[PDB]
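1. Give me a model of this one.
(6 chains, ligands or ions: 4)
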Amino acid sequence: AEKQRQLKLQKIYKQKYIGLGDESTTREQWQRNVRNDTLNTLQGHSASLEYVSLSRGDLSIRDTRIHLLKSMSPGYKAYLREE
Amino acid sequence: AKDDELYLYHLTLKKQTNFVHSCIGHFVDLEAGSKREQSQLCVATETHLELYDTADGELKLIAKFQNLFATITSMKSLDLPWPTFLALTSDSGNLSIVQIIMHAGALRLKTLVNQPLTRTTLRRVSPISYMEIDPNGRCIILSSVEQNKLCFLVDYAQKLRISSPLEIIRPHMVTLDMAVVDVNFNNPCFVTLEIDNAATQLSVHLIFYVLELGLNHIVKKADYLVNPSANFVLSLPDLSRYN
Amino acid sequence: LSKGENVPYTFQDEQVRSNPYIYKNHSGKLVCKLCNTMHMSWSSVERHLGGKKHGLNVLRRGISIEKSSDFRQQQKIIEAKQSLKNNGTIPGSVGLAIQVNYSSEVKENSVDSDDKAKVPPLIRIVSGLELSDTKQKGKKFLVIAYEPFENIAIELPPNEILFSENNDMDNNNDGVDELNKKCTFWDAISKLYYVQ
Amino acid sequence: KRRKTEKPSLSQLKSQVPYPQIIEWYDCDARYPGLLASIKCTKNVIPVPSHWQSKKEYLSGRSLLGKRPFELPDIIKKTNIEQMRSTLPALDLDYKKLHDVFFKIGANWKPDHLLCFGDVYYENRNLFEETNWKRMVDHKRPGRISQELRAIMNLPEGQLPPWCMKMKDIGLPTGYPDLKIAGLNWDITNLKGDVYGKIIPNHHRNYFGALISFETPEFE
Amino acid sequence: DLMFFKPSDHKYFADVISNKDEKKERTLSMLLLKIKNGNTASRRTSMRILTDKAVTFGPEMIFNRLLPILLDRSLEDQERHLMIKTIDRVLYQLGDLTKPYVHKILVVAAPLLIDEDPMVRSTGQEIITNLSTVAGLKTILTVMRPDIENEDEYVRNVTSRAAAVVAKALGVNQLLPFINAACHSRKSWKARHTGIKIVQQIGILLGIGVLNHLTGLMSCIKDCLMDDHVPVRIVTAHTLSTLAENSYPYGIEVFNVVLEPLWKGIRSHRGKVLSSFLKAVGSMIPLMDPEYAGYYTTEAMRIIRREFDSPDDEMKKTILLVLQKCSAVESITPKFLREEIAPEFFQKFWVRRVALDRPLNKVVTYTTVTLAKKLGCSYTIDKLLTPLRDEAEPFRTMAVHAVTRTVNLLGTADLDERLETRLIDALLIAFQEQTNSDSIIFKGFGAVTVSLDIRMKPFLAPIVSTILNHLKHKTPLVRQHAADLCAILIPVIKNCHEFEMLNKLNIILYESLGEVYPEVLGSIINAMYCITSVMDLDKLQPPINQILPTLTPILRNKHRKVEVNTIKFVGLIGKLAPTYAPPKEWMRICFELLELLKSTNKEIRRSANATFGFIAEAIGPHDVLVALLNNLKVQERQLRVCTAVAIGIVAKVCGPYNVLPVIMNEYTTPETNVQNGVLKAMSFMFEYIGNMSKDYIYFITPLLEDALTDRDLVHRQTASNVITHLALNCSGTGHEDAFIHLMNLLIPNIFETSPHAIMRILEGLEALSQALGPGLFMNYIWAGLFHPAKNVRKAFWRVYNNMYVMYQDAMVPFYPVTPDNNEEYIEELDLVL
Amino acid sequence: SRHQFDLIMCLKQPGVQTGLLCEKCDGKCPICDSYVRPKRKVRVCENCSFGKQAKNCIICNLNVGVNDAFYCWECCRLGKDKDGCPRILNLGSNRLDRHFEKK
Ligand SMILES: [Zn+2]
Ligand SMILES: [Zn+2]
Ligand SMILES: [Zn+2]
Ligand SMILES: [Zn+2]
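-> Residues are numbered from 1 along each chain as shown, chains lettered A, B, ... in the order given. Ligands and ions are numbered 1, 2, ... in the order given. Okay, here it is:
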């Protein structure tokens, strides 16, 4: 009953907050959540976004932001490779 | 024994100067008994907030408002059919619609309604960082970089009233560059660029949404796949003369 | 159910206990230090004691001790018989001899149901280190016992007397012990017990 | 089956690891062993308490039977309620007294043991003995012998320990080069009581946060 | 024990009256009997065994033996629900069932939705919503098709609701084409009918959620409404009512299709058909566009006025609903209503025979109140003065209700002096003349008196004359009724500065305080509470210090309300009057409450705990703590817990510097239950102090040292509960080094099972996340994050789930991720400028 | 709920509306059921309000509440304040066996 509720709240929290490791989670599934949240905060704070912009040396800052956005999806590596 | 316990007193001597958000509304009427002019701007950097006027062709400090102690992740003014007060979204998920008022001998920033959304942190599920308001001010829309999008239907009365949120949830679609199209009162329509989070290939596809005031929900309209190279969207107002 | 006994807490730094095992820990619960089992009520404690589990741990603890290195129905009129001590001598040293006499078919006429009736009186050497009063001690006693009559003792200050060396030719009917077979006689026909 | 038999040897896993001694035999069945070795062997991570894989529900401890019920922190024991109410097998006290015990007397007070960054409490552990240990490494120093151990040693006052003679032939302790003892490197007339010698150090602030004043909040 | 044998249902079980399939076969039915007919202690065990082994037993025998049991007529609401609970737990356990047994279970638990009580309606919904996920869409759809064609009105009604619950559970998008099947089916008439009702209960259950799905349903309304069948046409009209009310004004754009045929149905079919149609259109009225509202309202109001004379009940109920909704229309003017609608309303619908039936009286009153908004309040109440003085008592009751709901919204400020006089006159008449026993008159009368107050004084005197007049009476009903009216009228008298009059009230009530009837005595003490609260203590007549010692015996009166108002009032004297009552008398209070809180009431028990704060402020805190700690030794859990609450509140008002040292000794006491009461009392005393515990934290940690280390999962549990509040309110103070310790003792407890232990420990660790910050708390979680053990993993991913819920950005810097750790890593973290 | 396990919550994005609780449940933080230092008024999604069900106590789901429910300061910091819409959809085994127990 109680654990059974914890299963439903597992489904709800997983739905809202996306990745939540339940019991068995592949390193590909979880590391993707890591990358997504790290990039999420790098672009999310105007602070760290301004920082990565200069240290990277891009011509504009939104290039870095939308870069991180694109970098969230896995295929973006091969996308850069095809440029 | 003397406790080391260094006690530090933090002060911000000069306040954060990188201006991440702006709004065009006319907030306070100052030094003039009766005047209404749309020329004024309020600009926000995260915590710090400032309000400038021009009216002379030369910009002017109005007042530097008190420190909000949060990260403002988007700010947009709203104009409803009145004093134009700005809708402000930040961390805590709260949608905080604030009106700049003149209280005592200074300009203070009063809040009207703050609606709890997500949790308190900078998050991807957090319906912030992408915000826009109907150019006629009928509805405000917040979205998340990834998970979900919420759109409130704003109504004014003797007291301001924020309608219940309108939810759309696309699990794997990472949202970027919210841009809302103006309308003639027909129906609010907003446009986004959704990049799929989980996919074998990189696919960036634009998607249109028409919020239906009649059925009270957001409707996916046209999903157009464009090259992964996509950057941003802007709204062309009418093309009423052309076809 | 506690029978009014006081079980001190484990932390009270040990009056003799009935069983020096069941204790109460820092909390109110009762525990068996050997078994390391917690028990809610004294009834559960008694179930533990009457259980095979606790017993096994008791045998294991006794094995640890060795590693570290009819009684009920016994009639008792407690009647002092008559002894006849006498300094003896043979060759080549000096030994003691006792002549204990018993009833003359006076009261033994009511009990004849072959209940150890065939068992003769028995002698044992006891150290005074243990007495009902525990006051003074340091010498041995040559106790002699018979079912109905009362026990009898004889003090032996001399460390050793008449303690012989292979008297007979090593025949093995232990009876009770080497002492009894070696040097006792039971004239059962006349009811006279001689010991030397 | 095949995945269970596909596992690399733990020693094959050691080479991938900068701190190989943390990895253990059960890490072979780690579903992602190359990753789990990196996480577990990452700098500041604190390995899982090892009471798992035991079915004893983490406390069967025999030592748990012999743990003391409780002891008041001496500062609170000063408050004397110990005598006012007998906890072992009305009581009104002064507000200023109690308030000052926590604040005036006990502001700088802190528990003596606590624990450290990676300290984890295993079942068989008992902190108290390690508290007396740390306190003892503090009080007791070489050259001094308490009167109890002195009486057990049967050493009368004014007489040097028996290892001072063998220390005369063998030499000063290699661990204590600065140690001084009466009669040898140190003045015998300074022999007093329990101290027959002392280490003489050859070595001979404000920390930016020095408060320079201490004022506690007053109740009144 | 098999308590309460059932001869017929047991001989129906047969089986064992005195082979693995025979052993499971027997023990299973034996357990089922334990649940149905048995002992509470027995059935509670058979539930746990039946759920634990529910996966082991074959659902074939489970449902085969279990289901037909509920088919008998000898079942009782108790026992039938005892089997229902097993149905829910087993269905949610196995999670997969074949379609024939799905049909059986759905037929068995299907009638539950129709039962009169929402208690049974709820669980009847639970079985179906749990079964929906088990069987799935296709199975249930194959189940309803042969049933909707049944000729039985009862069963059709049943699986209408059942099908609705399914549609809500699995969504109405998946089940919607089925709705189109029975909806648009040309074959069967009853299939059309029930196919329409399913839309009703779907609309009711979804509520506002019907909006996004409202397109497909209105298809069925527009196409199936045109059927020549009168019942079909009626049910469609009801669906428009439900879907409009639940719709809310949004859906007009969709309802515009069915808007047209309703009117041509109205002007033609009339009768009950026009009743349902005007119900539908009436529900459409609020959602209509202002211009369209203007037109269609004016179109309907004529039919309404013409239909005022309808002898039928249903049509009158509908008319009142249509007026109710049309009142909100801005188009029709309050002048229009007062000139035409209102006068033809009050005369027709207020006839005495109207007041006879409650379910109609509801709609009458609510309709009248909705009229009061547009109509002038003085005009409405003006028409409402004559019904107040009628000699029919229930008609006087309805007359009161209208005044209550009307005056609450609008207020009486619109009324002139004269009709304001006649109002209070009527209220006093009906109040003193009331025959029936009902609680409304003093409530609503009090609402009027709160509405108009300064104006009451010349009436305020005679009202109190009636008050005392009823305070002496031979009927306890009128007694407690008048007393309840007193307590309500007390605050108003303050506005007239009658205070001596409050004094004589305090006198008479205090003298009648010795009444035998508890039900009245409680209300009397409530009036005492209002009096003492309102008026200054010094000028109180009895006075207070004479009042309370007469209250001390009252606490033993048992019942409930007596201790409710008694503890309330003793608390009132507790905060207001510290000096008057002597401290020894306060100690008698402490003993009496300490004995009193064994009561089963959470209000009595909570307020009882709250009064110890006032008693601790007035009298010696140590003096209170002696009795409290002495009461901790009692075995009863309510005593232990709520004495711990008392210790907490006393520690809040007095401050922990007094209470905590003695608490720690009470923990030094070896007794378990006492130690538990100590730890919980420590939890509560910490949650009541936000900023205080920061200075007290260090003295706590040596106590939690023996707590968290203790072998008892209870002590570890409640100690963790201490760490929750203590860590939350002390977080960020700089005690993290102590928090580090406290956590270091917690981590080993993560693997501890049981629901209470696991949730207390989770909440504790989450509180530690705030005081330590994720980084270290992370470090533990990381070094245990994956692990082979399949158990350790499941345990720590719970803590990491909660951590990911509260913190995400907070954990971002703390992910132990390096380019050799993961393939892609992130190229932008190594950038340095 | 914190105590009764089988009670199910809503957890949707809260709307502008404020949840009501009855005088019987007055004072409880709807998550932890704590009586201390309440902070922010509960907000429920529109799907939990609509008609008569809006008047129900968001805690006990049965009685009609006058008072507004507030989150405590411990839940407001734990963030459960913003988790979602608190409501109790199922009446729960306790209340059920209570009603069937009496009648
Ligand atoms: Zn044992
Ligand atoms: Zn909700
Ligand atoms: Zn309630
Ligand atoms: Zn709370």
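2. touching ligand 3 at all, stretch F:92-99?
-> No - Stretch F:92-99 lies out of reach of ligand 3 by CB under 5 Å from the ion, never closer than 10.6 Å. Quick note: C-beta positions are derived from backbone N, CA and C, even for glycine.
3. from the middle of its chain, how far away would that stretch be?
-> Taking CA atoms, centre = their mean, to the nearest Å, one finds stretch F:92-99 lying 17 Å from the centre of the chain it belongs to.
4. Stretch B:57-64 now?
-> A distance of 22 Å separates the centroid of the chain from that of stretch B:57-64, by CA atoms, centre = their mean.
5. For it, list every residue counted as buried.
-> In terms of neighbour count (16 or more other CB atoms under 10 Å in any protein chain shown), stretch B:57-64 has its buried residues at B:62, B:63.
6. which other residues reach it?
-> For stretch B:57-64, the surrounding residues in contact (CB atoms under 8 Å, 6 or more residues apart in numbering or on different chains) are B:15, B:28, B:30, B:40, B:48-54, B:106-107.
7. and which of those is nearest to ligand 3?
-> residue B:49 (41.8 Å; CB to the ion).
8. By neighbours, which of the contacts of stretch B:57-64 wins?
-> Greatest neighbour count in the contacts of stretch B:57-64, by other CB atoms under 10 Å in any protein chain shown, goes to residue B:49: 26 neighbours.
9. Just list the residues touching it, thanks.
-> Residue B:49 neighbours (CB under 8 Å, 6+ apart): B:42, B:43, B:64, B:65, B:68, B:72, B:109.
10. same thing with residue A:4?
-> Residues in contact with residue A:4, defined by CB under 8 Å, 6+ apart, are residue E:92.
11. Now it: which helix or strand?
-> helix A:2-17 (DSSP states H and E).
12. just residue E:4 next, same as before
-> Under the criterion DSSP H and E, no helix or strand holds residue E:4.
13. do residue B:206 as well
-> Using DSSP H and E, residue B:206 falls in strand B:204-212.
14. Can you list the strands that that strand pairs with?
-> The strands beside strand B:204-212 in its sheet (DSSP bridges) come out as strand B:189-196 (antiparallel), strand B:217-226 (antiparallel).
15. Can you verify my assumption that residue D:123 contacts residue D:58?
-> Yes - contact criterion CB atoms under 8 Å: residue D:123 and residue D:58 qualify, at 6.2 Å.
16. what residues do the two have in common as contacts?
-> D:51, E:748.
17. Is there proximity between stretch C:10-20 and ligand 1?
-> No - applying CB under 5 Å from the ion, one finds stretch C:10-20 separated from ligand 1 by no less than 9.2 Å.
18. Would you mark the buried spots in that stretch?
-> Buried residues in stretch C:10-20 (16+ other CB under 10 Å): C:10, C:11.
19. near chain D at all, it?
-> Yes - against chain D, stretch C:10-20 shows contacts by CB under 8 Å from any CB of the partner chain at C:10, C:11.
20. Dump the helix holding residue A:4 to PDB, restricted to CA.
-> What follows is helix A:2-17, C-alpha atoms only, in PDB (Å, rounded to 0.1, in the frame of the first residue of the first chain):
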ATOM      1  CA  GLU A   2       2.600   2.500   1.100                       C
ATOM      2  CA  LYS A   3       5.300   1.300  -1.300                       C
ATOM      3  CA  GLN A   4       2.600   1.000  -3.900                       C
ATOM      4  CA  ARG A   5       1.900   4.700  -3.400                       C
ATOM      5  CA  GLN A   6       5.600   5.400  -3.700                       C
ATOM      6  CA  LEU A   7       5.400   3.800  -7.200                       C
ATOM      7  CA  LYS A   8       2.700   6.200  -8.300                       C
ATOM      8  CA  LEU A   9       4.600   9.200  -6.900                       C
ATOM      9  CA  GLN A  10       7.600   7.800  -8.700                       C
ATOM     10  CA  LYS A  11       5.600   8.000 -11.900                       C
ATOM     11  CA  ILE A  12       4.400  11.500 -11.200                       C
ATOM     12  CA  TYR A  13       7.700  13.000 -10.000                       C
ATOM     13  CA  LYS A  14       9.400  11.300 -13.000                       C
ATOM     14  CA  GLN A  15       6.800  12.900 -15.300                       C
ATOM     15  CA  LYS A  16       7.200  16.400 -13.900                       C
ATOM     16  CA  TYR A  17      11.000  16.500 -13.200                       C
END
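21. And ligand 2, is that helix touching that?
-> No - Helix A:2-17 lies out of reach of ligand 2 by CB under 5 Å from the ion, never closer than 12.0 Å.
22. Next, see if the host helix or strand of residue F:97 gets close to chain E.
-> Assigned by DSSP H and E, residue F:97 falls within helix F:93-102. Yes - Helix F:93-102 comes into contact with chain E (CB under 8 Å from any CB), by way of F:93, F:95, F:96, F:97, F:99, F:100, F:101.
23. In terms of secondary structure, what does that helix contact?
-> Counting by 3 or more CB pairs under 8 Å, 6 or more residues apart in numbering or on different chains; DSSP states H and E, the packing neighbours recorded for helix F:93-102 are helix E:77-94, helix E:118-135.
24. try it again with 6 Å
-> Applying 3 or more CB pairs under 6 Å, 6 or more residues apart in numbering or on different chains; DSSP states H and E, one finds that helix F:93-102 contacts helix E:77-94.
25. Regarding chain A, what is its longest helix?
-> If you go by DSSP state H, chain A has its longest helix at helix A:27-44.
26. In the contacts of residue B:49, which residue is surrounded by the most others?
-> Counting neighbours by other CB under 10 Å, residue B:42 leads the contacts of residue B:49 with 28 neighbours.
27. So that residue sits against residue B:53, correct?
-> No - Residue B:42 is not in contact with residue B:53 according to CB atoms under 6 Å; the separation is 9.6 Å.
28. Residue numbers of chain B in contact with chain E?
-> B:121, B:122, B:123, B:214, B:216, B:217 (CB under 6 Å from any CB of the partner chain).
29. for chain D, same thing?
-> D:26, D:29-30, D:36, D:38-40, D:42, D:44-49, D:51-52, D:58-59, D:64, D:69-70, D:73, D:76, D:79, D:81, D:85, D:87, D:90-92, D:98-99, D:102, D:110-111, D:114-115, D:119-121.
30. Surely residue B:132 is in a strand?
-> Yes - counting by DSSP: H, G, I helix; E, B strand; the rest coil, residue B:132 falls inside a strand.
31. Would you mind confirming that it is in contact with residue B:178?
-> Yes - counting by CB under 6 Å, residue B:132 does reach residue B:178; the two are 5.4 Å apart.
32. Now the helix holding residue A:4: buried residues?
-> A:6, A:10, A:12, A:13, A:14, A:16, A:17.
33. so what's the fourth one up against?
-> When contacts are counted by CB atoms under 6 Å, 6 or more residues apart in numbering or on different chains, residue A:13 is found next to A:20, E:805.
34. ok, now the second one?
-> Taking CB under 6 Å, 6+ apart as the criterion, residue A:10 is in contact with residue A:22.
35. cool, and the third one?
-> Residue A:12 sits next to residue F:11 when contact means CB under 6 Å, 6+ apart.
36. Return the distance of the residue of chain D found nearest chain B relative to ligand 4.
-> Residue nearest to chain B within chain D (CB to the nearest CB): residue D:209, separated by 3.4 Å. From residue D:209 across to ligand 4, the span is 37 Å (CB to the ion, to the nearest Å).
37. could you list every residue that touches that residue?
-> B:4, B:6.
38. repeat that with 10 Å
-> B:2, B:3, B:4, B:5, B:6, B:7, B:8 (CB atoms under 10 Å, 6 or more residues apart in numbering or on different chains).
39. Show me which of those is closest to residue B:200.
-> Nearest to residue B:200, judged by CB to CB, of those is residue B:8 at 51.3 Å.
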